[PDB]
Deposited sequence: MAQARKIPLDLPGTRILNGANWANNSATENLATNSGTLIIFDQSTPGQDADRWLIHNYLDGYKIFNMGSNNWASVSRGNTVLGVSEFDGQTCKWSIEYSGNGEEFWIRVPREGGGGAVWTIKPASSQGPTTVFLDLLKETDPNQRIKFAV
């Protein structure tokens, strides 16, 4: 009787991750492998931890403002703040920083013509690329 986990969505697209320092979290509409689109989000200290059921990677703050899946958990890069955006059922996934202010998940191509992956930029409260939805 095992848990389904959740999809992480931006518009119609969902977060995927594959195995293998750190792999890209790709937002699109093609699931690469079994449960690569399913995530276990748990309370962790004052925030949350975000695990991919397909790849077994944790979403972590990575080298140079990107969000990657890494195989070993690190409390200092794998803890997230999840805050309500103010409309609909969309939230911000945010880097934990004392007295707030951290960078947020920002879904955009690396250059142009894809693929669309996760970066960490300053919060623009009006930016669609930073609005996340969860569906079980």
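*Asks:* Note down, first to last, the deposited-sequence stretches for which the model contains no C-alpha atom.
*Replies:* Seq positions lacking coordinates: 1-8, 29-34.
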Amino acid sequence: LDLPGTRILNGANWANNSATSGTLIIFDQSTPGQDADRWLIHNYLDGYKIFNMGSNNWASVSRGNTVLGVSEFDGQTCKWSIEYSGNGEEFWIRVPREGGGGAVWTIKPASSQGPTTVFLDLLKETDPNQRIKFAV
From here on, numbers count along this sequence of modelled residues.
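*Asks:* For the C-alpha atoms alone, is the average B factor greater in 100-108 or in 52-60, going by the entry?
*Replies:* According to the PDB entry, the answer is 100-108.
*Asks:* Between 61-69 and 25-33, which has the larger average Cα B-factor in the PDB entry?
*Replies:* Comparing 61-69 with 25-33, the higher average CA B-factor belongs to 61-69.
*Asks:* Among the modelled residues of this chain, does the Cα B factor of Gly88 put it in the lowest, middle or highest third?
*Replies:* For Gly88, whose C-alpha B-factor we compare with every modelled residue in the chain, the answer is the highest third.
*Asks:* How does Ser18 rank on Cα B-factor within its chain, lowest, middle or highest third?
*Replies:* Middle third of the chain for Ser18's C-alpha B-factor.
*Asks:* Of the three thirds of its chain by CA temperature factor, lowest, middle or highest, which one includes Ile8?
*Replies:* Bottom third by C-alpha B-factor.
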